[PDB]
Enquirer: 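Encoded as structure tokens, here's the structure I'll be asking about.
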Amino acid sequence: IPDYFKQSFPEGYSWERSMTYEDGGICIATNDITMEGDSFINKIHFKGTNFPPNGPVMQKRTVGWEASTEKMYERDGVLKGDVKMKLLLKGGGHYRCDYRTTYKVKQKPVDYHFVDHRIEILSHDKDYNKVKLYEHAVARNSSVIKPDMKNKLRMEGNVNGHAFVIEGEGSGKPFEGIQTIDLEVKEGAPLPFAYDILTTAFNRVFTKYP
């Protein structure tokens, strides 16, 4: 399996993602990923709208994302990833969302493969102003990048009219597909919406490819 994300460096890559929730809530996000030495640099823009004021996002009733499988494939020479995601609710149901991502990797001109995800909030303070987040990602069939590397990000976001800024400092194992990050809300505290809707926007370079 080709690893178009690691091959994108040192130059880097970007991605664009739509997230369509089952109750009309919609989020759009972009990330521009560069590398400055031992660290990846993520510049993230996140916008979300049409979340019902009584839905699980605006009432903070989500409990985490279910493990997922993302189908990675090529069309028109562009790398794409689709994954049906499920957000678990405190009452036991699932709140569904369709993710569609365009991965603008190094190679403009490039057999699908999968990426199995597990993402989890390991700890958080009361209002999620500070969050420790973890991801595990592995690709499976149908030396610019050190075994250990830092990952830094800044997100400028607006959800249902509420602006906010979040920055994170973390590290991971690019070749083992493991990473963690410490996230801090820098503007817009306290967030009035479910933190879970942001965590997947907080870098497929941290994926275990054969």
Side-chain angles (χ1 to χ4, degrees), residues 1-19 27-47 68-83 99-107 109-120 122 131-149 151 153-157 165-184 186 198-210:
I1 299 167
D3 182 337
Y4 284 116
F5 307 100
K6 269 140 181 145
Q7 271 142 220
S8 278
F9 288 89
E11 282 70 11
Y13 75 106
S14 66
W15 53 254
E16 301 152 23
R17 180 179 290 159
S18 74
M19 297 148 272
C27 293
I28 290 169
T30 54
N31 188 358
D32 301 300
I33 295 119
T34 49
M35 188 185 65
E36 272 161 45
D38 65 332
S39 186
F40 298 102
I41 302 293
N42 304 249
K43 298 128 273 166
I44 299 166
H45 292 262
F46 190 107
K47 196 140 192 111
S68 72
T69 294
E70 184 179 6
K71 182 187 151 231
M72 299 289 205
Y73 63 96
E74 183 266 322
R75 214 181 131 151
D76 285 78
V78 58
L79 191 51
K80 285 175 133 245
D82 295 333
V83 49
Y99 279 41
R100 304 177 32 246
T101 299
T102 294
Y103 295 103
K104 292 186 158 131
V105 283
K106 188 127 181 166
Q107 277 166 64
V110 49
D111 219 351
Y112 70 78
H113 76 270
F114 295 103
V115 171
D116 291 324
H117 295 277
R118 181 69 221 302
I119 187 165
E120 190 173 359
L122 302 169
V131 167
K132 183 180 288 289
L133 183 66
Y134 164 98
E135 197 203 352
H136 183 254
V138 182
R140 65 182 170 78
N141 292 284
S142 202
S143 46
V144 48
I145 304 183
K146 304 252 184 64
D148 191 88
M149 297 214 57
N151 184 65
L153 68 81
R154 186 194 156 79
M155 166 177 82
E156 273 152 38
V165 171
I166 289 171
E167 289 181 344
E169 312 196 272
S171 62
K173 308 297 191 170
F175 299 102
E176 313 302 321
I178 303 162
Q179 74 179 311
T180 57
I181 193 152
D182 295 297
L183 296 143
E184 291 192 329
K186 286 277 192 214
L198 316 166
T199 58
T200 53
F202 300 135
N203 191 0
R204 281 277 60 77
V205 79
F206 294 94
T207 310
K208 193 166 72 205
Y209 274 95

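Residues: numbered from 1 along the sequence shown.
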Enquirer: For the atom pair CG (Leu153) and CG (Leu183), what is the distance rounded to the nearest 0.5 Å?
Expert: 6.0 Å
Enquirer: Identify the two heavy atoms, one from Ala139 and one from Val115, that lie closest to each other, and give their separation to 0.1 Å.
Expert: CB-CG2, 4.1 Å
Enquirer: Of the non-hydrogen atoms in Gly170 and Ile181, which two are nearest, and what is the gap between them?
Expert: N-CG1, 3.8 Å
Enquirer: How close do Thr101 and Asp82 get, counting heavy atoms only, and between which atoms?
Expert: N-OD1, 4.5 Å
Enquirer: Is it true that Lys208 and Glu176 have a side-chain N and a carboxylate O under 4.0 angstrom from each other?
Expert: no
Enquirer: Using a cut-off of 6.0 Å, state whether more than 12 heavy atoms not belonging to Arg140 lie near its atom CZ.
Expert: yes
Enquirer: Taking C-beta and beyond as the side chain, do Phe40 and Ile145 meet within less than 4.5 Å on heavy atoms?
Expert: yes
Enquirer: Scan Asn203, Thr34, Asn31 and name whichever one has a side chain to side chain donor-acceptor pair (under 3.5 Å) with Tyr13.
Expert: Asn203
Enquirer: Apply side chain to side chain contact (heavy atoms under 4.5 Å, CB included) to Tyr73 and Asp111, showing your working.
Expert: CA-CA 7 Å; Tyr73 63 96; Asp111 219 351; over 6 Å; no
Enquirer: Search all heavy atoms of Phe114 against all heavy atoms of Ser142 and return the closest pair with its distance.
Expert: CE1-CA, 3.9 Å
Enquirer: What distance separates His45 NE2 from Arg154 CZ, expressed to the nearest 0.5 Å?
Expert: 8.5 Å
Enquirer: Quick one: closest heavy-atom pair of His117 and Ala137, and the distance?
Expert: ND1-CB, 4.1 Å
Enquirer: Just do the side chain to side chain contact (heavy atoms under 4.5 Å, CB included) check on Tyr4 and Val110 with the steps written out, would you?
Expert: CA-CA 9 Å; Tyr4 284 116; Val110 49; 3.1 Å; yes
Enquirer: Looking at CD of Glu156 and OG1 of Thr30, how far apart are the two atoms once the value is rounded to the nearest 0.5 Å?
Expert: 10.0 Å
Enquirer: Run the numbers on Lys6 and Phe175 for side chain to side chain contact (heavy atoms under 4.5 Å, CB included), then give the verdict.
Expert: CA-CA 9 Å; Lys6 269 140 181 145; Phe175 299 102; 3.8 Å; yes
Enquirer: Take the angle between the ring planes of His136 and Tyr134 and call it parallel below 30°, perpendicular above 60°, tilted in between.
Expert: parallel
Enquirer: For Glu74 and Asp76, indicate whether the former's side chain and the latter's backbone hold a donor-acceptor pair under 3.5 Å.
Expert: yes
Enquirer: So how far is it from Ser39 OG to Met149 CE, rounded to the nearest 0.5 Å?
Expert: 6.5 Å
Enquirer: For the residue pair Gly81 and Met72, what are the closest heavy atoms and their distance?
Expert: CA-SD, 3.9 Å
Enquirer: I need the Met19 CE to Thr200 OG1 distance, nearest 0.5 Å.
Expert: 6.0 Å
Enquirer: Once rounded to the nearest 0.5 Å, what's the spacing between atom CD of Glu167 and atom CD of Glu184?
Expert: 8.0 Å
Enquirer: Start with the C-alpha distance between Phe202 and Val131, add both sets of side-chain angles, then the distance that settles side chain to side chain contact (heavy atoms under 4.5 Å, CB included), and finish with yes or no.
Expert: CA-CA 11 Å; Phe202 300 135; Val131 167; over 6 Å; no
Enquirer: Quick one: does any side-chain atom of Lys43 pair with a main-chain N or O of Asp32 as donor and acceptor, under 3.5 Å?
Expert: yes
Enquirer: Quick check on side chain to side chain donor-acceptor pair (under 3.5 Å): which of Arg204, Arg17, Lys80 does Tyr103 satisfy it with?
Expert: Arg17
